[PDB]
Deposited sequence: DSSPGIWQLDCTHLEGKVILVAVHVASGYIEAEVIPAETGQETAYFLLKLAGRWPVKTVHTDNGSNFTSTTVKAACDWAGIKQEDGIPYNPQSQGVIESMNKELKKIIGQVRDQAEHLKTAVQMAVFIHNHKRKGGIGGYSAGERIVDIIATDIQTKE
């Protein structure tokens, strides 16, 4: 469970949002990139893997994920590759704040901040951020 992520793209305003969801926690990382390239994908994956303990990524069938640069990055970083609730949610927060910023990429990271900090449930609840650190700390 703790090493598993799902990666998805979302299309808005002529660019691509790459979104990686930590499956057990709902925690997200996201980045706006100009186009969905093998290179951009590979880079997003190395960044994520130096930050969190990434064992497996679950992706769509896209040609970006089967590129030699993506395969080189996965081999080096130790990532096995394979083939919405949190993601429609992200798109909705983007809308709730998109107004508040000049560029989309600013509203996107504002949305990540909001998602990852938000307590789910009542008093006794946890944010997605809290849940991922607890999951990984427990594992260790």
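Participant: Which deposited-sequence positions, grouped into ranges, are missing C-alpha coordinates?
Facilitator: Counting from residue 1, the stretches without coordinates are 1 to 2, 86 to 97, 155 to 158.
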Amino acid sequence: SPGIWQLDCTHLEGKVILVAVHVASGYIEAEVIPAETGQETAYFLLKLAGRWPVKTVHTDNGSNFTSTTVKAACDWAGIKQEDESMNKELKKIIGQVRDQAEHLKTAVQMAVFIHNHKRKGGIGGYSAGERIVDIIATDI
From here on, numbers count along this sequence of modelled residues.
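For clarity, a rigid core is taken as the largest C-alpha set superposing within 1.5 Å between two forms.
Participant: Between 115 to 123 and 5 to 13, which one strays more from this form in 4 other deposited structures of this protein if you match the rigid core and compare Cα atoms?
Facilitator: When 115 to 123 and 5 to 13 are compared in 4 other deposited structures of this protein, 115 to 123 lies farther out.
Participant: Which of the two stretches, 85 to 93 versus 63 to 71, has its Cα atoms farther on average from this form in 4 other deposited structures of this protein when everything is superposed by the rigid core?
Facilitator: More C-alpha displacement in 4 other deposited structures of this protein shows up in 85 to 93.
Participant: Mean CA B-factor: is it higher for 110 to 118 or for 56 to 64?
Facilitator: So the stretch with the higher mean C-alpha B-factor is 56 to 64.
Participant: With reference to the PDB entry, specify whether the mean Cα temperature factor is higher for 86 to 94 or for 65 to 73.
Facilitator: It is 86 to 94.
Participant: Highest Cα temperature factor in the entry, among the options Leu48, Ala42, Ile28, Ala101: which one is it?
Facilitator: By C-alpha B-factor in the record, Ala101 ranks first.
Participant: Comparing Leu12 with the other modelled residues of its chain, is its CA B-factor in the lowest, middle or highest third?
Facilitator: For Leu12, the deposited C-alpha B-factor lands in the highest third.
Participant: Considering every modelled residue of the chain and its Cα B-factor in the PDB entry, is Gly38 in the lowest, middle or highest third?
Facilitator: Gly38: CA B-factor falls in the middle third of its chain.
Participant: Among the modelled residues of its chain, does the C-alpha B-factor of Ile140 lie in the lowest, middle or highest third?
Facilitator: Tercile = highest for this residue's CA B-factor.
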